[PDB]
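Residue numbers (PDB author numbering), protein chains in the order written: chain G, 7 to 248; chain M, 363 to 434; chain A, 11 to 251; chain D, 4 to 239; chain F, 4 to 234; chain E, 7 to 250.
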């Protein structure tokens with residue numbers, strides 16, 4: 007009763023199926039997003055379940071337009087399908103208005119779609135939380151999108167298993183910086199709380215992937231942090247939890 | 363730990379035995395050491411052949427073959 | 011018997027599905043209070059800032075449909091954005107096809123008809139938001155119409171929404187007993203905000219911050235929101251009265 | 004809409020076919036006997052109730068072609084739908100292939116309506132069985148086919164469908180032979196009258212006979228004719 | 004049966020149960036083992052007959068002269084994904100003058116499976132593909148889950164007894180990656196991987212089907228006496 | 007449960023209705039098939055139900071084209087859809103290429119029709135709710151691999167066989183095939199082999215008004231043997247049972 011679909015509704019004012027889908031995201035990989043003054047630094051835990059895997063070749067990070075990074079947790083196919091839909095939407099905006107789509111605008115369009123599948127019985131609710139943001143002319147933004155189809159602005163966000171370790175230390179981060187930190191600084195702080203969030207995933211071992219969109223490092227374009235700079239952050243984070 | 367109690371061949375290696383089991387638990391490994399000695403008595407041999415340890419895995423899994431297949 | 015699962019009638023002459031929509035708007039705990047002034051309509055509403063990691067400026071429940079019509083939304087925020095988008099789409103449609111901005115009375119009725127159609131589909135679940143529309147039209151003066159997830163609306167002298175909104179209704183009613191007119195006479199829009207906040211404070215027994223409130227004001231032919239500094243000035247003036 | 008009204012069974016069956024045949028069972032009785040120079044479809048007519056104007060009441064045998072006849076058993080609602088559709092098929096063989104339809108073509112067509120509703124969803128097969136018979140043009144070979152609500156067809160020398168079809172079937176084992184069908188129009192007609200007088204009984208009022216003779220001859224035998232065969236056979 | 008007859012419900016455990024059932028189609032099916040080096044990818048599939056009167060059925064489908072897939076699960080589910088992959092691969096050559104990237108074809112395939120698992124009256128396809136090819140980024144070996152998920156590996160397996168194959172490939176992991184330019188050696192090591200995936204099914208020459216793709220070596224499927232050199 | 011949906015995965019991990027399809031072959035009148043390199047013979051049981059039946063116009067032998075023959079056994083409501091589709095496919099190949107279609111390619115096309123269960127799975131149009139209930143013995147000769155025999159399932163899967171027997175009596179037939187198939191059979195020795203295995207799973211007197219033989223030969227094309235020839239072959243089998 008009251009979970010047989012999503013046009014059932016309970017006398018509790020809850021939809022159960024949709025709350026259940028948040029539990030799929032709780033079974034995902036840890037992913038964080040730090041809203042910085044001049045950008046956003048995303049980081050995501052990529053588990054090494056075998057030495058059979060090929061490192062930094064399975065991205066959970068897909069770019070939308072050119073300046074919006076999207077990274078997620080939960081059911082990996084469902085989130086890649088969500089981002090495929092939103093890449094079509096990004097293109098349409100660029101078509102019609104001849105400008106890259108803003109971060110508040112991109113959020114609204116994704117939110118309607120995920121919101122639609124929790125009303126129809128012909129299409130299955132989502133089981134993804136996506137953390138996405140970037141830099142446009144209206145500033146840096148960070149958004150977290152629930153599978154229920156909710157989002158807000160954030161000074162810090164996380165989702166996945168190891169959000170318990172991540173979320174707490176972002177309260178200390180705001181308390182470090184009540185006027186935020188540099189894009190440079192956030193490279194070593196996004197790495198640091200994946201390594202502290204590796205204590206909810208300490209069964210296994212992991213590979214750090216880092217990406218950013220910031221005005222002052224890449225010029226408000228989303229690029230991958232690669233080479234010696236990715237490895238500098240990994241060396242920093244590695245020392246903190248030891 | 364079962365083979366501690368019983369007479370066995372010395373040409374068996376517990377790592378070979380660990381290759382050929384995939385997702386087994388200790389009750390099934392009770393069912394492989396004992397099953398070795400069923401095969402052993404049936405041959406007519408005092409000792410429990412090192413081939414009989416491998417053949418207790420397949421003879422008794424917890425099920426007889428892997429089920430129907432008709433398009434897989 | 012599925013009369014609680016799909017949108018068909020029961021032998022009680024009531025659609026249970028539809029009733030459950032009203033029981034979701036009290037779960038997010040947003041209260042609103044809306045009064046008609048003499049040149050404005052003012053709506054003050056709660057803003058829940060739960061963590062230090064939410065940015066309160068992007069936390070919204072006030073969507074600006076048209077140039078002159080704000081809408082405040084009480085109930086879940088997914089359904090809020092879907093409703094806000096729809097309301098905007100139809101208003102722009104109305105300006106486009108009839109050559110003038112949509113009135114508030116007619117906007118309430120248009121969303122009421124689509125909400126009723128969402129209680130007539132059994133594969134489209136109604137949106138569980140109660141929508142208040144505030145304006146000052148020049149054809150109806152200051153106006154409030156409140157639509158609900160059933161498809162019913164009516165005009166209001168003042169209105170409230172939320173779980174504790176019965177408490178608010180009492181205060182407002184007394185205020186209109188004394189004046190013996192259906193709107194507050196006060197020509198400064200600022201002092202109508204101050205009165206609105208007084209009635210909210212009585213009802214909920216809580217004093218407010220600037221980031222516990224989010225205020226929208228419809229003056230003559232423009233709708234804007236107050237920023238957080240401006241809200242604090244109003245709350246400073248409560249003490250001056 | 005395509006929400007299966009026909010769906011597979013755990014016995015490897017389809018539910019609607021099993022139900023359809025029982026719907027054909029409880030309906031009227033058709034007997035088909037073919038000679039060497041005729042076909043005869045005689046069928047059971049429900050006109051038991053009085054104050055029924057039997058003349059304007061729908062027939063159990065409907066001509067589709069000027070030498071192809073069709074009779075039916077099962078739902079009386081469904082059969083008339085098929086009989087409109089068949090008429091279109093008849094004009095379409097003429098349209099694109101010229102010549103009036105062959106019996107064998109028309110048998111595959113009725114079955115093809117059934118077939119459609121068998122595999123797809125949102126539809127269910129008609130509970131209708133037919134005896135299709137007649138001549139092909141410039142043939143004086145009788146053709147006797149049977150369709151069933153599955154979408155299957157069978158050729159016969161004699162066949163009976165409907166209620167107590169087994170009683171009639173056994174009676175024709177001891178009279179009719181595949182080897183040497185009746186060599187006369189009247190002998191064929193009288194054998195079909197004799198079989199119907201077992202179960203249907205109740206005179207020429209419930210019993211009908213239609214005769215097709217080779218190469219574009221359809222004739223209908225009136226109540227009076229049917230009654231004269233009845234009395235002679237009764238006596239004999 | 005509560006949510007197990009439906010493909011549109013969660014599932015208090017944060018699953019869909021249909022995805023786990025689609026996974027059991029791999030277990031009942033055939034086994035295939037893939038391993039790659041930098042300069043070569045290799046599929047060794049175990050073909051399977053029904054009885055002795057029956058010949059064995061090809062479990063490797065050639066998609067292109069640089070691409071191939073293999074089925075381990077149900078064949079009719081494979082028949083949907085194989086057509087779609089072939090069409091989008093000819094399309095890449097037609098429009099973009101491009102050999103279809105193995106990674107990217109994996110992502111288009113992922114989302115396709117997803118939207119039939121989302122839809123009611125659909126399913127997640129009960130076929131796991133190992134998809135090899137040699138493109139501009141070198142060799143690739145992908146793993147296709149019933150869900151849609153693609154993971155890139157130097158060695159993986161699916162089927163029954165696949166666990167023992169991956170034990171073998173983790174042991175010889177750095178050996179076969181450092182033989183490059185000799186297609187002969189990768190194939191030989193894949194024969195030994197799938198020998199740990201026998202339950203006395205035996206390797207003969209008409210059971211055994213190998214296909215490889217190289218830096219300069221087209222996607223070619225060997226059978227007959229072209230696999231008899233690798234036993 | 008798992009039979010109310012035409013596309014659902016079960017707690018075994020493969021389709022339940024499809025199993026029921028395999029158990030709808032066991033309602034068919036046995037179709038037996040022996041392939042050799044001298045041509046391939048198909049025989050089918052017609053099944054007489056009454057002496058009122060006209061059986062020499064009923065057959066489960068079907069021509070798909072000149073160079074491909076077919077025998078069907080199982081639900082024949084389903085087989086009408088598939089045979090008409092096979093007939094189009096062959097003709098399309100000859101339209102497009104002016105060339106003979108391979109037996110393997112023709113069979114594979116019919117398997118694509120067989121996979122059309124679902125009403126909301128993938129992109130391709132679903133013209134059914136469920137699977138079929140019939141298997142095929144498409145025999146033939148193509149000039150590439152010579153004579154061929156394929157057995158096609160309503161699953162949407164196919165195998166090349168050298169001999170296959172489907173229908174109700176399929177298991178009892180298949181036991182005889184294991185011991186009686188060899189590579190040094192002839193066309194005529196194969197033809198007598200069909201009737202031998204058919205006689206055991208026949209429930210009546212084996213005769214020529216309830217059995218039909220057909221060959222596919224390179225130089226004669228597809229020929230359906232007349233009941234005179236069937237009657238002769240049947241009698242000579244009894245003479246080789248007068249040798250034991």
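All C-beta atoms in this analysis are idealised placements derived from N, C-alpha and C, irrespective of residue type, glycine included.
- Proximity to residue 149 (chain A) across A:158, A:114 and A:70 peaks at A:114, based on C-alpha coordinates.
- Residues of the stretch 82-98 of chain G with a C-beta atom less than 8 Å from some C-beta of chain F are 82, 83, 84, 86, 87 and 90, listed in chain order.
- Counted as a single uninterrupted DSSP element, the stretch harbouring residue 41 (chain D) is not any alpha helix (DSSP H), since DSSP gives it neither H nor E.
- With fewer than 16 other CB atoms across the displayed protein chains lying within 10 angstroms of its CB, residue 54 (chain D) is exposed.
- When DSSP states are grouped into helix, strand and coil, residue 84 (chain A) belongs to the strand group.
- When DSSP states are grouped into helix, strand and coil, residue 85 (chain E) belongs to the helix group.
- Going by C-alpha positions, residue 31 (chain E) is about 39 Å away from residue 222 (chain F).
- With distances taken between CA atoms, residue 154 (chain D) lies nearest to D:132 out of D:137, D:168, D:236 and D:132.
- The Cβ atoms of residue 141 (chain F) and residue 42 (chain F) lie closer than 9 Å to each other.
- Contacts with chain F at 9 Å (Cβ-Cβ) do not include residue 415 (chain M).
- In terms of beta-carbon proximity, residue 75 (chain D) stays away from the interface with chain E, with every pair separated by 9 Å or more.
- A straight line joining the alpha-carbon of residue 84 (chain D) with that of residue 82 (chain E) spans about 24 Å.
- Secondary structure at residue 74 (chain G): strand, using DSSP grouped into helix, strand and coil.
- In the structure shown, residue 150 (chain G) falls within a strand segment according to DSSP collapsed to helix, strand and coil.
- The CB of residue 366 (chain M) never comes closer than 8 Å to any CB in chain F; the least such distance is about 26 Å.
- Under the rule that a run must span 4 or more residues, the alpha helix (DSSP H) segments found entirely inside the stretch 178-234 of chain G read 191-202.
- For the stretch 375-403 of chain M, the residues whose beta carbon sits under 8 Å from a beta carbon of chain F are, in order, 381, 382, 384 and 385.
- Under the Cβ distance rule, residue 24 (chain E) counts among the residues neighbouring chain M, one pair being separated by less than 9 Å.
- With contact defined as three or more Cβ pairs closer than 8 Å, the stretch 193-203 of chain G and the stretch 39-57 of chain G are in contact.
- Residues of the stretch 124-136 of chain A with a C-beta atom less than 8 Å from some C-beta of chain G are 132, 133, 134 and 135, listed in chain order.
- C-alpha of residue 215 (chain F) to C-alpha of residue 43 (chain E): approximately 33 Å in a straight line.
- Between the stretch 198-212 of chain F and the stretch 120-132 of chain F there are fewer than three C-beta pairs closer than 8 Å, too few to call the two in contact.
- Classified as buried, residue 84 (chain E) has 16 or more neighbouring CB atoms from the shown chains inside 10 Å of its CB.
- Separation of the CB atoms of residue 74 (chain D) and residue 41 (chain D) is rounded to 15 Å, and the pair is thereby denied contact status at 8 Å.
- Contact annotation: the stretch 60-76 of chain F does not touch the stretch 12-31 of chain A, with fewer than three C-beta pairs closer than 8 Å.
- Taking 8 Å as the cut-off between beta carbons, the residues of the stretch 145-171 of chain E near chain M are 159, 161, 162 and 163, in sequence order.
- For the stretch 160-173 of chain G, residues whose beta-carbon sits nearer than 8 Å to a beta-carbon of chain A comprise 160, 161, 162, 163 and 173.
- Following the DSSP letters along the chain, one finds residue 172 (chain D) inside the alpha helix (DSSP H) bounded by residues 168-176.
- Around the beta carbon of residue 121 (chain A), 16 or more other beta carbons sit within 10 angstroms, so the residue counts as buried.
- Residue 145 (chain E) and residue 106 (chain E) do not touch by the CB rule: their CB atoms are close to 14 Å apart, not below 8 Å.
- For residue 7 (chain D), the CB contacts under 7 Å within the same chain, skipping 5 residues up- and downstream, are 124 in chain order.
- Shown here for residue 87 (chain E): same chain residues with a beta carbon closer than 8 Å to its own, the five before and five after excluded, namely 119 and 138 in chain order.
- At least one CB atom of chain E sits nearer than 9 Å to the CB of residue 434 (chain M).
- Within the model, the alpha-carbon separation for residue 97 (chain F) versus residue 122 (chain E) is close to 29 Å.
- As computed with DSSP, residue 71 (chain E) is found in a beta bridge with E:74.
- In its chain, beyond the 5 residues on either side, 108 and 109 have a beta carbon closer than 6 Å to the beta carbon of residue 142 (chain G).
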